[PDB]
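>
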Amino acid sequence: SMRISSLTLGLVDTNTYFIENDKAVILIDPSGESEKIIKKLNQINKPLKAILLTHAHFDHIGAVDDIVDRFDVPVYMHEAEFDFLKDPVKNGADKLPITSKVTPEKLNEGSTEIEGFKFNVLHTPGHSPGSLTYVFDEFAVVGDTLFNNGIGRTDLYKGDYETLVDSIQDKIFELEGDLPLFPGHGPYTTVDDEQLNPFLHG
Ligand SMILES: [Zn+2]
Ligand SMILES: [Zn+2]
């Protein structure tokens, strides 16, 4: 019923995801290289209805403004990182040309329906305070939380190691053991495959 596609883009190889149903598409983490994203959006030939952000670090939002300027769609994210968009010290870009001037819509933990797309939102902070995981019937998009044999870094702004470990162990590890998990970087993994992840402790 849904098809998930991806491009790996930008300075730090961010996974941008395209979620299609029979009649529309939503985009998650438009990281950069917006002409490549737009090219695939034009290939899909279904109207883009929304952008979802797992979080608002610079490498997940670099193409947000270009896509909104072209298609005029809402951008959804957790309110705890609204101030990340315009603030390069908070989103990490301060460290050559990244900000977003969009006014975002807030999303909270719970069941959601956006333009015919039904999914569950989990608030999974620790790598960032507004990190969200988006759970669909046949896959989940987890952001910079649980990687294949790795974990999101917890030394960024408002990051915290024990918070992320709890988010992974108490929320992401409640999903179906073989559900494909698609993180912000690197290949997919699953809850079963990450049971002995060595970065989780406590
Ligand atoms: Zn990040
Ligand atoms: Zn990232």
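All residue numbers for the sequence shown refer to the numbering used here, where the first residue is -18 and numbers rise by one. Each residue gets a CB set at the ideal place from its N, CA and C atoms; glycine is no exception.
(1) I'd like to check one pair, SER(-18) with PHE(-1): are the Cβ atoms closer than 9 Å?
(2) I'd like to check one pair, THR35 with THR114: are the Cβ atoms closer than 9 Å?
(3) Between which two residues does the alpha helix (DSSP H) harbouring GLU143 extend?
(4) Taking just the CA atoms, how far does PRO28 sit from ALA121?
(5) Can you give me the C-alpha to C-alpha distance between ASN72 and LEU(-8), rounded to a whole angstrom?
(6) Across which residues does DSSP place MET58 in a beta bridge pair?
(7) Distance, Cα to Cα, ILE19 vs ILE48?
(8) Using 8 Å as the threshold, is the region 94 to 111 in touch with the region 122 to 139, meaning 3 or more CB pairs across them?
(9) On a CA-only basis, which of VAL56, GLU60, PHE98 is nearest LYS82? Give me that one, please.
(10) Within the present structure, is the beta-carbon of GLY13 separated from the nearest heavy atom of ligand 2 by less than 8 Å?
(11) If you draw a straight line from the C-alpha of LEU162 to the C-alpha of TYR169, how long is it?
(12) Anyone know if the C-beta pair for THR80 and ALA44 falls short of 9 Å?
(13) Helix or strand or just coil, what does DSSP make of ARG134?
(14) Does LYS4 come out as helix, strand or coil in the three-state DSSP assignment?
(15) Sorry if obvious, but does the Cβ on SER81 come closer than 8 Å to a heavy atom of ligand 4?
(16) Decide if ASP10 is buried, meaning its Cβ has at least 16 other Cβ atoms within 10 Å, or exposed.
(17) Check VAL116 in the structure and name its three-state DSSP category.
(18) For the candidate residues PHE154, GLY124, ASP3, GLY183, whose alpha-carbon lies nearest to that of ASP(-6)?
(19) Taking 8 Å as the cut-off, is the C-beta of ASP125 nearer than that to any heavy atom in ligand 2?
(20) What is the DSSP secondary structure of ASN129, counted as helix, strand or coil?
Looking at the atomic coordinates:
(1) It is not a contact, given that the beta carbons lie outside the stated cut-off.
(2) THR35 is positioned such that its CB atom lies closer than 9 Å to that of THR114.
(3) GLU143 -> alpha helix (DSSP H) spans 142 to 147.
(4) Taking the straight line from one Cα to the other gives about 22 Å.
(5) About 14 Å.
(6) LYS87, per the DSSP bridge assignment.
(7) In this model, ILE19 and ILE48 are separated by some 7 Å (Cα to Cα).
(8) Yes: the two stretches touch, three or more of their Cβ pairs being nearer than 8 Å.
(9) Selected option, being the one with the closest Cα: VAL56.
(10) For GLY13, the shortest separation between its Cβ and any heavy atom of ligand 2 does not lie below 8 Å.
(11) Cα to Cα, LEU162 sits roughly 6 Å from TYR169.
(12) No, Cβ-Cβ distance for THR80 and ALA44 is not below 9 Å.
(13) In the displayed model, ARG134 falls within coil according to three-state DSSP, outside both helix and strand.
(14) Correct three-state label for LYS4: coil.
(15) This structure does not include ligand 4; its bound ligands are ligand 1 and ligand 2.
(16) When all chains shown are included, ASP10 counts as buried.
(17) DSSP, reduced to helix, strand and coil, places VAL116 within a strand of the structure shown.
(18) Answer by Cα proximity: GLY124.
(19) Because some heavy atom of ligand 2 lies under 8 Å away, the Cβ of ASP125 counts as near it: yes.
(20) The answer is coil: DSSP assigns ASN129 none of H, G, I, E or B.
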